[PDB]
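Okay, here we've got a single chain as structure tokens, the form deposited in one PDB entry, with questions on binding and movement later.
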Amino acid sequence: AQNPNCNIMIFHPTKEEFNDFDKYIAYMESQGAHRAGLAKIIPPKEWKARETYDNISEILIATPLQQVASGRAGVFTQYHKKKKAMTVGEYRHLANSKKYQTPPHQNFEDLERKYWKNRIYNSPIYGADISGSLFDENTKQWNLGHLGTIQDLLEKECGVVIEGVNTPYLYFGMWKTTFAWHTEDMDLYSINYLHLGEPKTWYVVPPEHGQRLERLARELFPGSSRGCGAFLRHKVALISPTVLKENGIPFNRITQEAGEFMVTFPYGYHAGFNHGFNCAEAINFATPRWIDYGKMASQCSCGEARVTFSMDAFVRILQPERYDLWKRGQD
């Protein structure tokens, strides 16, 4: 069995190996990469996402989200308070202000310490989930707006044609902006490219151990667990590495830098934080190996998780018993 300790693997594809996306994902899995839940891919030196980022300040962040925490430093939830619209140039200036900027630090490890000590006492503002792309149309390799669609994968594997579309999303971050513990919708893969700026630290639980994280989360957030049998789908709960280690939960950590891709694998729980002003692009995708995970994915039916149009068909075809209840949650 490859990668039996479920370590995060880092890949350095050549320009030739960067041509065929599906083939390279399958290669990484042949080496056991998926056992970690997360892999890093460093693009060949010949590749670029676009020529420059000099012209992005006029992108609008229609609904910036202030991420307000509740709880204790290592075990907290966050809610998202909507703020007034601002441009990427305005948000970058905000990120760099004395109130929001990254503090002095020695290295990534000191910064991580400071994040977990102090996160709850601040409310950073995240420009998340903005439909769009920063890849140049002429970038042919690993262009997250030109990937094979999940609808087409489901049709190829299962024969059934379904409605829905699959497009990327932009994320503009600042110091302490946080992504809560989650798997993807329908336990899909994700791919995330850090276009520019400061790093993103990730934490991940191996897919084979995801239920251990779920059981801890039920213990640590007992009201939320009574409210919903899949409350991690709400994407609000944070648990620190120290608390995970105290509770024996297997996990790994890695820091992504500008110019690097991360892939999350089906049912790989992940969480993390941004080091300073940055911009990432991410999209979900599927492979043949996903279908069995999609059939087994949990679902929130309490009403909180509220998701895209395209998830309807995935539930309807892969999970027909659950469909009626899940759709009640959507309506």
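Here, rigid core means the biggest group of C-alpha atoms that superpose within 1.5 Å across both forms. In this text, residue numbers run from 1 along the sequence as written. Residues that one form lacks are left out of the comparison.
Colleague: Which is higher in the entry, the mean Cα B factor of 179-187 or that of 101-109?
Modeller: Going by the record's values, the stretch with the higher mean is 101-109.
Colleague: Going by the mean C-alpha B-factor recorded in the entry, which is higher: 155-163 or 194-202?
Modeller: Between 194-202 and 155-163, it is 155-163 that shows the higher mean C-alpha B-factor.
Colleague: Go through 269, 53, 273, 293 one by one and give the residue whose Cα B-factor in the PDB entry is largest.
Modeller: Top of the list by C-alpha B-factor: 53.
Colleague: For the C-alpha B-factor as written in the entry, point me to the maximum among 256, 139, 133, 78.
Modeller: The C-alpha B-factor peaks, among 256, 139, 133, 78, at 139.
Colleague: Would you check the entry's CA temperature factor for residue 2 and let me know if it's in the chain's lowest, middle or highest third?
Modeller: For residue 2, the deposited C-alpha B-factor lands in the highest third.
Colleague: Using only modelled residues of the chain, where does the Cα B factor of residue 225 rank: lowest third, middle third or highest third?
Modeller: Its C-alpha B-factor belongs to the highest third of this chain's values.
Colleague: Just say lowest, middle or highest third for the CA B-factor of residue 27 relative to the other modelled residues in its chain.
Modeller: Middle third.
Colleague: For residue 35, does the deposited CA B-factor place it in the lowest, middle or highest third of the chain?
Modeller: Lowest third - that is where residue 35 ends up once the chain's C-alpha B-factors are sorted.
Colleague: Just say lowest, middle or highest third for the CA B-factor of residue 9 relative to the other modelled residues in its chain.
Modeller: According to the entry, residue 9 has a C-alpha B-factor in the chain's lowest third.
What follows is about the form deposited with a small molecule bound, which we do not show.
Colleague: So in the deposited bound form, does any heavy atom of residue 123 sit within 4.5 Å of the small molecule?
Modeller: Heavy-atom contact with the small molecule at 4.5 Å: absent for residue 123.
Colleague: Report the shifted segments between this form and the one not shown, defined as three or more consecutive common residues with all CA displacements of at least 2 angstroms relative to the rigid core fit.
Modeller: Shifted segment: only 324-327.
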